[PDB]
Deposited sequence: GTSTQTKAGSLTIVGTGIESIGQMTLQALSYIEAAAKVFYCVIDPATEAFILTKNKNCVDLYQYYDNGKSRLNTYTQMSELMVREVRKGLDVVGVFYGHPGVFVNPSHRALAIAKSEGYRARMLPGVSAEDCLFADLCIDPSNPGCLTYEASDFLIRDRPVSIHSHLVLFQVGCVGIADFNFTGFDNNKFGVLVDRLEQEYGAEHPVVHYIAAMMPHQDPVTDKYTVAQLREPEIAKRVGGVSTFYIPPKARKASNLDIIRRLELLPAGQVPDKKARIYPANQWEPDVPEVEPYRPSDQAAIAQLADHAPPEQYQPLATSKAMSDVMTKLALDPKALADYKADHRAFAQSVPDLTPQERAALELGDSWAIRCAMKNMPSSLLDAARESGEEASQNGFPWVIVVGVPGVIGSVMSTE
């Protein structure tokens, strides 16, 4: 059936945080609908496709965002129903704190149209990069600030906390000259109750423009009541609340499994200094002198032709659509391929492609069945 919806992301920082697949899908679209913040990103998008509509114009002063989101979602779905390949574009990751993307895809899917979200770089992705933390260590709780308050969502003092939309507590509507965020104090009360007055809170704003610096300003929970401080929080403000303490390891679980890493989390309070070059680190580095690639390591051993075609499949959605519809047909027609390369394409599976592109050791192969 004719018509499809693909939602892509631009990332947070202007132009540069758009993925290659996002860009190519924008170029290939019959109709593009975008919701971005900065106008360089907007201008960039307009150079890539003739038929763009700015979804930002469906916001308004005193207008409930649900109305705006229904309207955005419907404008996309309508062009899908005319049989068109529609691309929606949202800043960051198009599915991370975004109603109208999930909305438009579920509608498109429930009426039997091809409906896909491509992931992008979120504000949380930026937060991790800019504040130098890893969700894995010591885990990550991520909430919308108001949902956190309204359903009294549990915090963990032993894991990362990320709070989106701290700049609009309780606000269901929109205003072009922002809002006061009068209910901010309500969040600040919940934070003090759960973490305490002296506990650190990092005010995070990712640079939007290539030349700008992030905001990574640490405050105490209590400092967030100072008018001068509270007023710096806005619509693109995210809070990071580090853990209060390391959590004791579990004796019972260590047994069944038959059993700090550098660097320390710098935003953590009373964080001990961690040594980079412990013995096992010094021993690991001494080994580099005599290091050879292990036997089962498989070096790249591919051709310009196979490199070019695997790039095309990733970057040229027309090349991909042929391939997807008949592997063997597509492979036969690619010029300057070795039989081993053609065969790998005909099969499509990751192993075959790895064998054709990598010089596989006799060992790995053996494994087989």
Sequence ranges absent from the coordinates, based on the deposited chain and numbered from 1: 1-6, 266-276, 387-416
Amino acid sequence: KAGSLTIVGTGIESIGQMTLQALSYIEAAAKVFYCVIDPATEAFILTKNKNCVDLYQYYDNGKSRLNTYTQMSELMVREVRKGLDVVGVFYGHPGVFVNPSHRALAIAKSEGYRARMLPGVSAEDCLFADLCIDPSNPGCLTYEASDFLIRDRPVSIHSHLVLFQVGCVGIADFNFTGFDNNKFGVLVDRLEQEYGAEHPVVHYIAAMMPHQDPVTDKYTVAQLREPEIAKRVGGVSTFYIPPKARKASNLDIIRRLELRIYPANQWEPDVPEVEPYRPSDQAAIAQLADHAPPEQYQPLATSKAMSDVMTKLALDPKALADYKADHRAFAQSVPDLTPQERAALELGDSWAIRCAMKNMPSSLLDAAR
From here on, numbers count along this sequence of modelled residues.
Of 184-192 and 231-239, the stretch whose C-alpha atoms average the higher B-factor in the entry: 184-192
Of 267-275 and 200-208, the one with larger mean CA B-factor: 267-275
task: For the C-alpha B-factor as written in the entry, point me to the maximum among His93, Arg103, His158, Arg116.
output: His158
- request: Could you tell me which one of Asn67, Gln57, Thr311, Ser333 shows the highest CA temperature factor in the PDB record?
  value: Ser333
statement: Temperature factor at the Cα of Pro339, chain-ranked in thirds, falls in the highest
- request: Would you mind ranking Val8 by its C-alpha B-factor against the rest of the chain and naming the third, lowest, middle or highest?
  value: lowest
message: Test of reading the entry: by CA B factor among the chain's modelled residues, which third contains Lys63?
response: lowest
message: Lowest, middle or highest third: which one holds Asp316 when the chain's residues are ordered by CA B-factor from the entry?
response: middle
message: Lowest, middle or highest third: which one holds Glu27 when the chain's residues are ordered by CA B-factor from the entry?
response: middle
